[PDB]
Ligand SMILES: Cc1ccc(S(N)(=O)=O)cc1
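A lone chain, given as structure tokens: the form solved without ligand 4J8.
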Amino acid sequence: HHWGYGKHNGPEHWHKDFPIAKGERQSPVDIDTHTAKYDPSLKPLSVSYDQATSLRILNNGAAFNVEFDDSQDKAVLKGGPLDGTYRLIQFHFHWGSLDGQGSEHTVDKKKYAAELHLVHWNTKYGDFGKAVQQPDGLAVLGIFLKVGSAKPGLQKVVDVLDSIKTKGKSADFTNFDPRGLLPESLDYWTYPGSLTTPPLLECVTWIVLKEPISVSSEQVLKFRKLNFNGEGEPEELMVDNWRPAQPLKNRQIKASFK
């Protein structure tokens, strides 16, 4: 009986095995746009993905991860509220059973159809494992997804989902360019937070883009065909794999614009 998104093992149950669930800097959070403050101290954000080397896509039972080669400085995130260089290790999404929900962060309580998380670790810590033992070990770039026109750069991901339908399945996924998932603007909100799935470690500097990307109904509908279960087990559609907004507590959300 492990954690999940159901009635008996969902987000409201996580604190029992992971006490930090009720911590001081948990994510996601609602982004109250009128409370956020423009921060002049924020340096320009740098997203360098031209050398990104994707390797595989995996259904881990919670979502599907597109993994990258992080043995060298290729795809990195720098600038903004960040000090140093953060290396891309994987990206995944969170989505709902309907277009009206799915995102983890919300904007003035608005829920988007999905949310993309590009996960990076601080290179000064040597590895992802050591990085998650530091308060500034990770940087996650969050991007909202709304339903409308199709996102060409997402189609290659959508088309391979049929090959990793169940938990534990993986497939080669080389030469995928994450630059095709980014909106035009890099305006963002930033705050200190945590991982949104167990172990819910508080080592994340969150950078959430204001501009969402548009994906087609057809594209997100295929996300909903994935399974939480493993092959040969009763089918449980992988939907609503998102954690709700958590208490902001002693934190302030800063804006890079205005």
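A residue's number is simply how far along the shown sequence it sits, counting from 1.
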Mean C-alpha temperature factor, higher of 79-87 and 183-191: 79-87
Greater mean Cα temperature factor according to the PDB record, 21-29 or 233-241: 233-241
Of the residues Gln134, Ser103, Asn122, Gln72, the one carrying the largest Cα B-factor as recorded: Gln72
Residue with highest C-alpha B-factor in the PDB entry, from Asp177, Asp108, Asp99, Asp159: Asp159
Third of the chain, ranked by Cα B-factor, where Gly168 sits: highest
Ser216 by Cα B-factor - lowest, middle or highest third of the modelled chain: middle
Modelled-residue ranking by C-alpha temperature factor, third containing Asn227: middle
Assigned third (lowest, middle, highest) for the C-alpha B factor of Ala63: lowest
Ranked C-alpha temperature factor of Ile57 among modelled chain residues, by third: middle
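Quick note: we don't show the form solved in complex with ligand 4J8, though the next part is all about it.
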4.5 angstroms heavy atom contact with ligand 4J8 in the bound PDB entry for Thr197: yes
Heavy atom of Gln90 within 4.5 Å of ligand 4J8 in the bound PDB entry: yes
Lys249: touches ligand 4J8 in the bound PDB entry, heavy atom cutoff 4.5 angstroms: no
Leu181, heavy atom within 4.5 angstroms of ligand 4J8 in the bound PDB entry: no
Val76, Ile164, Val119, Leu186 - the one with a heavy atom within 4.5 Å of ligand 4J8 in the bound PDB entry: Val119
Residues from 222-258 in contact with ligand 4J8 (non-hydrogen atom within 4.5 Å) in the bound PDB entry: none
